Amino acid sequence: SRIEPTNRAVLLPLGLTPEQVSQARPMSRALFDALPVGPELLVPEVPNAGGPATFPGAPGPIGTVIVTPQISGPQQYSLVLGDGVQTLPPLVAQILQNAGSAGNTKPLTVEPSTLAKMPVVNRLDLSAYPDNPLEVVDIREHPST
Amino acid sequence: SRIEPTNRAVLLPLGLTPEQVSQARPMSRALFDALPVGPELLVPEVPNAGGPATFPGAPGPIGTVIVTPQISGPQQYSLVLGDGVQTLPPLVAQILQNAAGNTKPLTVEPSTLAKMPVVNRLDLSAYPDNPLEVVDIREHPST
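Residue numbers (this note's numbering), protein chains in the order written: chain A, 65 to 209; chain B, 2 to 144.
1. When the cut-off is 9 Å and only beta carbons count, does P138 (chain A) lie next to chain B?
2. Among residues of its own chain, excluding the 5 on either side of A50 (chain B), which ones have a beta-carbon nearer than 7 Å to its beta-carbon?
3. Drop a sphere of 10 angstroms on the beta-carbon of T144 (chain B), count the other beta-carbons inside from all chains shown, and report buried for 16 or more, exposed for fewer.
4. Return the CA-CA distance between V110 (chain A) and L190 (chain A), expressed in angstroms with no decimal places.
5. Quick one: residues in its chain with C-beta nearer than 6 Å to the C-beta of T88 (chain B), no 5 flanking neighbours on either side, listed in chain order?
6. Can you check DSSP and say which residues form a bridge with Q150 (chain A)?
7. Could you tell me whether any Cβ in chain A is nearer than 9 Å to the Cβ of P111 (chain B)?
8. Where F33 (chain B) and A127 (chain B) are concerned, what is the direct C-alpha to C-alpha distance, given to the nearest angstrom?
9. Does any C-beta atom of chain A lie closer than 9 Å to the C-beta of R26 (chain B)?
10. Do you know offhand how far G61 (chain B)'s Cα is from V81 (chain B)'s?
11. Which one of B:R3, B:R139 and B:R30 has the shortest CA to CA distance from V38 (chain B)?
12. Is DSSP giving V11 (chain B) helix, strand or coil here?
13. Tell whether a beta-carbon distance below 9 Å holds between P171 (chain A) and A157 (chain A).
14. Which of the three DSSP states, helix, strand or coil, is assigned to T178 (chain A)?
15. Report all residues from its chain with a CB closer than 8 Å to the CB of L105 (chain A); omit the five preceding and five following residues, and keep chain order.
16. For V201 (chain A), would you say it is in contact with chain B, using Cβ-to-Cβ distances shorter than 9 Å as the test?
17. The region 161-194 of chain A: which residues have C-beta closer than 8 Å to a C-beta of chain B, in chain order?
18. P108 (chain A) and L188 (chain A) look like a contact to me (Cβ under 8 Å); what is the Cβ gap, rounded to whole Å?
19. Go to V101 (chain A), then tell me how far its alpha helix (DSSP H) extends in each direction, as first and last residue.
20. Between B:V135, B:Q76 and B:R139, which lies nearest to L17 (chain B) when the distance is taken from Cα to Cα?
21. Going by CA-CA distance only, name the one from B:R9, B:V119 and B:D130 that's closest to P57 (chain B).
22. Going by Cα to Cα distance, which pick from A:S92, A:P69 and A:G137 is closest to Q84 (chain A)?
23. On a CA-only basis, which of B:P19, B:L13 and B:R26 is nearest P142 (chain B)? Give me that one, please.
24. In terms of residues, what are the limits of the alpha helix (DSSP H) holding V22 (chain B)?
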């Protein structure tokens, strides 16, 4: 899967470093053709971002990140789309906040009883990203693949 | 034990998610008959909530949750019932605490609570000790 050194929002939560990526070693043409191609590692493209929500009681404009308070149980992040809310894995929520920051550093905390009223929707893939940090192998020690 | 997707009150302390609940794979009619049933995973209903307690020294009305600390170990939770108070485990109390309601339970002294009449009337058989470790069906296709 492809990745770019300019995108700081993805490199940091994933566990990569701009220098580390730039100093990567060459790949043979023979192995380049053998490995199948996977989806690209980029910031998720949430549609129609910034507009008002269709459903009532939405905690914020379309594309905002919502979370529920720790005192009620383990925290579940979610994204508010136009017609409902889609759940988010812990690792993607960090990427969305970092990229969609525009100065903001944290999500909106909302009570369970208000969440239960919002309809559930599914319109984003989010299957490409792992659920925990990458254990990048040190190529100097293992120079063969 | 049966479960529902809209009930955030019970899902959130248990660890499940509406997607993970609504997208589960099918079950055979044969396996459904071999398993015995269990009570539904719901917020346990309290009879005559808000009514007056029958025992003396009652910290509050029926349906209220009471808690007491200790010199060592975790805090002990309890619920007011028409005939007294029933002690509840930490995970169960979160179900009640999560469904609108009081900001925090009633804090009380250990000695008075020890003298208070203990009750065993509600059934907590279907509730676990920690968030469930749900088995990934792609790796385990057979049960």
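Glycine included, each C-beta is placed from N, C-alpha and C at the ideal position.
Result, derived from the coordinates:
1. Numbered from its first residue, the first sequence carries residue 138 (chain A) at position 74. With 9 Å as the cut-off, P138 (chain A) counts as an interface residue toward chain B.
2. Position 49 of the second sequence holds residue 50 (chain B). Once the five neighbours on either side are set aside, the close Cβ partners of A50 (chain B) are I63 and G64.
3. By 1-based counting over the second sequence, the position of residue 144 (chain B) is 143. Per the 10 Å Cβ criterion, exposed.
4. Here residue 110 (chain A) corresponds to residue number 46 of the first sequence, with the count starting at 1. Here residue 190 (chain A) corresponds to residue number 126 of the first sequence, with the count starting at 1. Between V110 (chain A) and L190 (chain A), the C-alpha separation is close to 11 Å.
5. For the purposes of this step, residue 88 (chain B) is taken as residue 87 along the second sequence, with counting starting at 1. So the list reads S79, once near-sequence residues are dropped.
6. Counting from one through the first sequence, the residue named residue 150 (chain A) turns up at place 86. Note: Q150 (chain A) sits in a beta bridge opposite A:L143.
7. Here residue 111 (chain B) refers to the residue found at position 110 of the second sequence. No - not a single Cβ of chain A is within 9 Å of the one on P111 (chain B).
8. By one-based count along the second sequence, residue 33 (chain B) stands at place 32. By one-based count along the second sequence, residue 127 (chain B) stands at place 126. Using only the alpha carbons, I get a separation of about 18 Å.
9. The residue given as residue 26 (chain B) occupies position 25 in the second sequence. Closer than 9 Å: no.
10. Locating residue 61 (chain B) in the second sequence gives position 60, counting from the first residue. Locating residue 81 (chain B) in the second sequence gives position 80, counting from the first residue. One C-alpha to the other measures close to 7 Å.
11. By one-based count along the second sequence, residue 38 (chain B) stands at place 37. Ranked by Cα distance from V38 (chain B), the options B:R3, B:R139 and B:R30 are led by B:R3.
12. Numbered from its first residue, the second sequence carries residue 11 (chain B) at position 10. Here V11 (chain B) sits in helix by DSSP.
13. Within the first sequence, residue 171 (chain A) is the residue found at index 107, counting from 1. Within the first sequence, residue 157 (chain A) is the residue found at index 93, counting from 1. Their beta carbons are under 9 Å apart, which means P171 (chain A) touches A157 (chain A) by this criterion.
14. On the first sequence, residue 178 (chain A) is found 114 positions in, with the first residue counted as 1. Here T178 (chain A) sits in helix by DSSP.
15. Counting from 1 along the first sequence, the entry for residue 105 (chain A) is found at position 41. Excluding residues within five positions, the ones whose Cβ falls inside 8 Å are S65, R66, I67, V74, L78, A192 and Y193.
16. For the purposes of this step, residue 201 (chain A) is taken as residue 137 along the first sequence, with counting starting at 1. Not an interface residue.
17. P176, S177, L179, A180, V184 and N186
18. Taking the first residue of the first sequence as 1, we reach residue 108 (chain A) at position 44. Taking the first residue of the first sequence as 1, we reach residue 188 (chain A) at position 124. Rounded, the Cβ-Cβ distance is 6 Å, consistent with contact.
19. Along the first sequence, one-based indexing puts residue 101 (chain A) at 37. No alpha helix (DSSP H) contains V101 (chain A), which DSSP labels as neither H nor E.
20. One-based indexing of the second sequence puts residue 17 (chain B) at position 16. Comparing Cα-Cα distances from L17 (chain B) to each of B:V135, B:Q76 and B:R139, the minimum goes to B:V135.
21. The count along the second sequence starts at 1 and reaches residue 57 (chain B) at position 56. Closest by alpha carbon: B:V119.
22. Position 20 of the first sequence, counted from the first residue, corresponds to residue 84 (chain A). Looking at the Cα atoms, A:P69 is the closest of the given residues.
23. Start at 1 with the first residue of the second sequence, and residue 142 (chain B) comes out as number 141. When C-alpha distances from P142 (chain B) are compared across B:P19, B:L13 and B:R26, the shortest belongs to B:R26.
24. Position 21 of the second sequence holds residue 22 (chain B). Note, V22 (chain B): alpha helix (DSSP H), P19 to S23.
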